[PDB]
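Visitor: Have a look at this one.
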Amino acid sequence: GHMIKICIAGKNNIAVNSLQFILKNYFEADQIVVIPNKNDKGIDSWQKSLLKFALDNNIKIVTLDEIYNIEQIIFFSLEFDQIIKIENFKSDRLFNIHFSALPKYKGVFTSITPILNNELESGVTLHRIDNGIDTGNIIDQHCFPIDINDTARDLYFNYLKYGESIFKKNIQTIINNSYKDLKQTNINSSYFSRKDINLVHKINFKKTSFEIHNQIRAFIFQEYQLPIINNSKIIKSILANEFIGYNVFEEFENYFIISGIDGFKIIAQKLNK
Amino acid sequence: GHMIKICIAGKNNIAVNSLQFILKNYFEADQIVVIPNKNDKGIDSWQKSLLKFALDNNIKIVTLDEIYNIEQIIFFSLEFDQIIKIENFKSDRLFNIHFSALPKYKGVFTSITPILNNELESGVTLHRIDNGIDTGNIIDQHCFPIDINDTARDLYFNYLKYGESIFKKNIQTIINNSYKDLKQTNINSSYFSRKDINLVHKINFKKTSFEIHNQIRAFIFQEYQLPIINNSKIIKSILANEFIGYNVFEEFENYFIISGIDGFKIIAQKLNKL
Ligand SMILES: Cc1cn([C@H]2C[C@H](O)[C@@H](COP(=O)(O)OP(=O)(O)O[C@H]3O[C@H](C)[C@@H](O)[C@H](N)[C@H]3O)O2)c(=O)[nH]c1=O
Ligand SMILES: Cc1cn([C@H]2C[C@H](O)[C@@H](COP(=O)(O)OP(=O)(O)O[C@H]3O[C@H](C)[C@@H](O)[C@H](N)[C@H]3O)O2)c(=O)[nH]c1=O
Ligand SMILES: Nc1nc(=O)c2c([nH]1)NC[C@@H](CNc1ccc(C(=O)N[C@@H](CCC(=O)O)C(=O)O)cc1)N2C=O
Ligand SMILES: Nc1nc(=O)c2c([nH]1)NC[C@@H](CNc1ccc(C(=O)N[C@@H](CCC(=O)O)C(=O)O)cc1)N2C=O
Ligand SMILES: [Cl-]
Ligand SMILES: [Cl-]
């Protein structure tokens with residue numbers, strides 16, 4: 001049918017590197033169109049620009065309106081900023097990679113919400129897009145650890161890495177329309193919206209050491225913000241299993257020593273600045 | 001031996017039934033003391049009264065001050081209302097059964113917090129009392145399901161049942177002093193205080209059906225409160241696998257039909273239904 005076979009919509013190194021993989025291995029420029037996010041400035045920053053890569057490689061920049069009527073197009077969202085409505089499209093070949101182990105942690109801020117809710121693991125999930133937010137049927141998932149001292153930033157860079165890999169693992173079956181999927185369960189399903197998360201976190205210290213530590217590290221993502229204790233930004237939290245007494249809080253020039261209601265030692269390292 | 005070998009401190013069916021078990025199998029009345037909770041008025045209601053049981057069975061009622069200097073006393077807290085300081089006690093035989101699968105859900109309101117945090121299971125844990133809240137070394141634990149439609153009240157009655165069972169299972173080894181324990185992990189440890197739970201819950205509907213349903217049923221405990229939707233008290237929530245559309249909300253005479261962002265059917269039953 002159409003010249004155009006695939007649309008990559010989204011941002012950051014997962015979208016750029018997945019687009020590069022399709023251009024190298026599957027489709028020529030003239031067979032691909034791209035929809036960057038509204039905030040893409042067309043320059044590289046701490047992630048690469050999808051808009052810049054597409055323009056550099058002669059791939060057309062399009063709008064959703066411009067692709068709705070393309071028969072059989074593969075629409076692939078990789079951190080795309082718009083919620084689509086499936087009945088706009090002639091094609092039913094609509095796919096997304098979501099940065100959580102669905103059915104948990106639908107919605108936004110998924111580098112914060114699993115840590116803040118005390119998880120030991122997260123995942124990336126390739127799924128069909130339906131009209132709900134991260135609700136469509138699951139094609140593949142890869143779960144991986146949230147290590148004990150990982151921050152939100154560390155978790156995000158794992159999503160980028162594992163998300164790119166799950167794209168490469170599954171894309172041929174998507175192209176060939178040969179994949180299998182399974183509906184999501186009602187149980188374990190959870191969802192967080194922007195209004196659920198205050199990005200300026202105020203720590204509750206009447207909590208376990210593990211909870212105070214998770215509260216701190218869930219907000220460490222320096223490109224956006226760092227959590228603040230007594231007007232100092234915190235760059236790293238370290239949780240040990242050493243008991244130091246209950247409810248410790250002491251400030252030093254370079255760090256705080258903290259424990260919660262169970263008394264395990266936390267070192268909260270101040271940003272050097 | 002002082003005369004007094006054991007103190008049962010606390011309340012409700014677990015304290016009464018455990019006391020009754022001790023009196024039947026291990027110690028006579030004149031070897032036991034009790035410290036009821038401050039709110040025990042000696043009346044059997046939806047729970048049995050430990051004060052009433054002790055009075056009816058000639059078991060002395062005491063204060064903590066009265067038992068601190070008692071050598072070798074077994075002190076057993078079963079829903080006891082006072083945080084003890086261990087250095088007050090000559091004895092080191094100090095035990096509690098906590099209504100959670102420790103190390104999770106230390107603190108209070110443990111029939112609310114696991115449901116509200118989307119758990120599929122909970123537990124009872126027998127542990128040594130240390131100076132922290134529910135922090136001491138674990139002796140035994142029994143985990144059991146939170147069934148999908150269980151309310152906070154249903155979970156509390158399961159804690160009472162499994163707690164009484166874990167008491168009977170372990171009491172021989174406590175009396176022998178042959179029990180084994182293990183320190184708690186830092187990992188997975190969680191804690192909720194009274195301030196963390198608003199008992200008049202306002203539901204966040206911009207949530208999955210599982211989360212809306214957990215928000216409703218975590219507060220269903222009619223002796224205390226029921227959650228209110230559109231000025232109606234709710235007595236039961238039922239969560240189904242059936243997709244009915246995203247973000248459904250409809251009020252009927254006897255119930256609401258609700259779904260969250262994933263579209264699964266909830267029936268929230270009003271108290272007024274006949
Ligand atoms: C905007 C922002 C983000 N972050 C962190 C935490 C967040 O998980 C991570 C990535 O932010 P993002 O790129 O804005 O996306 P988010 O994780 O909220 O993902 C959501 O939005 C994107 C655009 C959707 O495609 C995705 N499916 C959603 O989950 O950066 C912060 O810590 N502070 C911030 O202010
Ligand atoms: C006071 C109260 C209680 N409840 C429910 C929820 C709570 O888990 C259950 C039992 O209440 P409780 O007997 O006050 O005890 P709680 O579960 O908070 O347990 C705590 O306090 C008791 C006294 C301690 O020994 C125990 N180790 C603590 O966990 O009843 C309510 O729903 N609303 C209330 O207002
Ligand atoms: N239909 C659809 N389903 C999806 O699963 C999906 C899409 N489109 N499009 C790409 C991506 C979009 N991800 C998102 C997720 C949330 C917001 C957002 O603005 N959330 C608002 C709540 C919006 C609402 O209630 O309608 C917020 O305040 O959190 C935007 C983009 N995606 C899957 O990743
Ligand atoms: N030392 C000790 N450890 C325990 O683990 C323990 C005891 N005593 N005593 C019996 C029982 C007591 N349980 C409790 C638990 C919390 C509160 C309470 O009032 N909590 C307050 C916070 C108190 C504080 O911060 O100091 C709250 O507002 O939630 C009371 C009794 N118990 C284990 O079951
Ligand atoms: Cl964005
Ligand atoms: Cl009480």
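None of the figures in this text is laboratory data; all of them are computed from the coordinates on show. Heads up, the Cβs are rebuilt from the backbone with ideal geometry, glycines too, and the neighbour counts pull from every protein chain shown.
Visitor: In the structure displayed, which of A:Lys206/B:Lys11; A:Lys183/B:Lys207; A:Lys206/B:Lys207; B:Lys11/B:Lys168 lie more than 24 Å apart, Cα to Cα? Don't skip to the end; give the middle numbers.
Guide: Details: A:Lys206/B:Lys11 26 Å; A:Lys183/B:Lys207 19 Å; A:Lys206/B:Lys207 26 Å; B:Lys11/B:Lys168 17 Å.
Cα-Cα > 24 Å for A:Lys206/B:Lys11; A:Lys206/B:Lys207; rest within.
Visitor: Continuing with the same structure: Before anything else, pin down the relative contact order of chain B: Cα pairs under 8 Å, at least 6 apart, normalised by residue count, whole percent. Before the final figure, lay out the partial values.
Guide: Numbers: 564 pairs, mean separation 37.6, N = 274.
After rounding, I find 14 percent.
Visitor: For chain B, which span is the longest to avoid every loop-located (per DSSP) member of GluC sites (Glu not before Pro) having at most 13 other Cβ atoms inside 10 Å? Intermediate results must be reported in sequence, preceding the final value.
Guide: Values: sites that count: B:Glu28, B:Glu71, B:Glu223, B:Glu253.
Formally, the longest exposed-site-free interval is B:72-222.
Visitor: For the protein assembly as shown, evaluate the Debye formula with one uniform point scatterer on each Cα (no solvent term) and list log10 I(q)/I(0) at q = 0.08, 0.09 Å⁻¹, rounded to two decimals.
Guide: Results for the protein assembly as shown at q = 0.08, 0.09 Å⁻¹ read -0.65, -0.79.
Visitor: With runs of 4+ DSSP H residues as the only contributors, calculate the mean residue ellipticity of the protein assembly as shown at 222 nm using -39,500 (n - 2.57) per run, divided by the residue total and rounded to the nearest 500. Kindly include the intermediate steps, with their values, before the conclusion.
Guide: On the way: 11 runs with 122 residues, N = 547.
The helix contribution divided over the protein assembly as shown gives -7000 deg cm²/dmol.
Visitor: Answer rounded, prolate or oblate for region A:193-273, using the Cα gyration tensor with square roots of eigenvalues a ≥ b ≥ c: rounded when a/c is under 1.5, else prolate when a/b is larger than b/c, else oblate. Please list the in-between numbers first.
Guide: Values: a/c = 2.13, a/b = 1.33, b/c = 1.60.
Oblate is the answer for region A:193-273, as a/c is 1.5 or above yet b/c matches or exceeds a/b.
Visitor: Just counting partner chain Cβ atoms within 10 Å, what average do the residues of peptide B:223-230 show around their Cβ? Could the numbers behind the result be given before it?
Guide: On the way: counts 0, 0, 0, 0, 0, 0, 0, 0.
Counting Cβ atoms of other protein chains within 10 Å of each residue's Cβ and averaging gives 0.
Visitor: What does the structure give for A:260-267 when I average, per residue, the other chain Cβ atoms found within 10 Å of the residue Cβ? Each step should come with its number before you reach the end.
Guide: Details: counts 5, 10, 13, 5, 5, 1, 1, 0.
Mean shielding count: 5.
Visitor: If you take the square roots of the eigenvalues of the alpha-carbon gyration tensor of chain A and sort them as a ≥ b ≥ c, do you get rounded (a/c under 1.5), prolate (a/b over b/c) or oblate? Mind showing how you got there, number by number?
Guide: Numbers: a/c = 2.75, a/b = 2.03, b/c = 1.35.
Taking the square roots of the gyration eigenvalues as a ≥ b ≥ c, chain A is prolate.
Visitor: Rounded to the nearest 5, what is the percent of antiparallel bridges among the DSSP beta bridges in chain B?
Guide: Working: 28 of 46 bridges.
Roughly 60 percent of the DSSP beta bridges within chain B come out antiparallel.
Visitor: Of B:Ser77, B:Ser237, B:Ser91, which has the largest mean-square fluctuation in a 10 Å C-alpha GNM of chain B?
Guide: Highest fluctuation of the listed residues: B:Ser91.
Visitor: Same structure, new question: For helix B:12-25, what angle does its Cα long axis make with the longest principal axis of chain B, in degrees from 0 to 90 and rounded to 10?
Guide: Roughly 30 degrees, rounded to the nearest 10.
Visitor: If you restrict to DSSP beta bridges whose two residues both lie in the protein assembly as shown, what percentage is antiparallel, to the nearest 5?
Guide: Values: 56 of 92 bridges.
That works out to approximately 60 percent antiparallel.
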